[PDB]
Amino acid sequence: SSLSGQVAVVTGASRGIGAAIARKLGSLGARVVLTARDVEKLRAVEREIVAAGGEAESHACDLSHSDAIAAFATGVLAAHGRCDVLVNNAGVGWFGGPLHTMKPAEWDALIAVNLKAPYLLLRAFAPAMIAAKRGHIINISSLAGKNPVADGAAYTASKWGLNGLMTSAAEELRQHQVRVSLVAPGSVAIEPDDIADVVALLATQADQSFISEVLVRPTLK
């Protein structure tokens, strides 16, 4: 198998894109560490991966708590000694209305998960990737830094912010042979498996190859 002997951490793995990425990496032989808030929705996906012949485990982790993320990483690295693929996929939305109508607590909840947690996760897993001189950090971004979403202002800030965050970290980590990439829409409707296929393509590149960004347009009809 392409990813046999590897460990893959997928956030927001309970449904949709996250679930599909989990199954895909599991089918290639990676041991998939699934995380989300709801353990029960995770277990369905854990069972499917195992049923089809792969390895998977489930961990509740509240991504808005820094200590919780450090506890989660410490457990994963203590149990398996490595993380080959970190997929930043967990995301929240807020589309209630204009930015002045957004409460600070709603701002905090959205930025904590969409922007701060991918930084915390990279901070928790990158030092191990550096020491091993290998690994992928792959970020699912639902906006390409181009068009604002009226009534989704904080949301937009978090995605363009993620893009700038991870584009910068890519220049920092490449000297240690660690690869940070971005997956984003190339239009403006995408089947989860297509994004899963892109992540699989990223995680199985030749050693020297460094694809930094893939833009995907809606599945054909």
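Start at 1 with the first residue shown and count on from there.
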item: Between neighbours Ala189 and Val188, residues that the deposited sequence lists but the model omits; value: 10 or more
item: Stretch with the higher entry mean CA B-factor, where the candidates are 45-53 and 172-180; value: 45-53
item: 144-152 set against 131-139, stretch whose average Cα temperature factor tops the other in the entry; value: 144-152
item: Out of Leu162, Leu28, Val33, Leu63, highest CA B-factor residue; value: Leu28
item: Third of chain Cα B-factors occupied by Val9; value: lowest
item: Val199 CA temperature factor, ranked by third within the chain; value: lowest
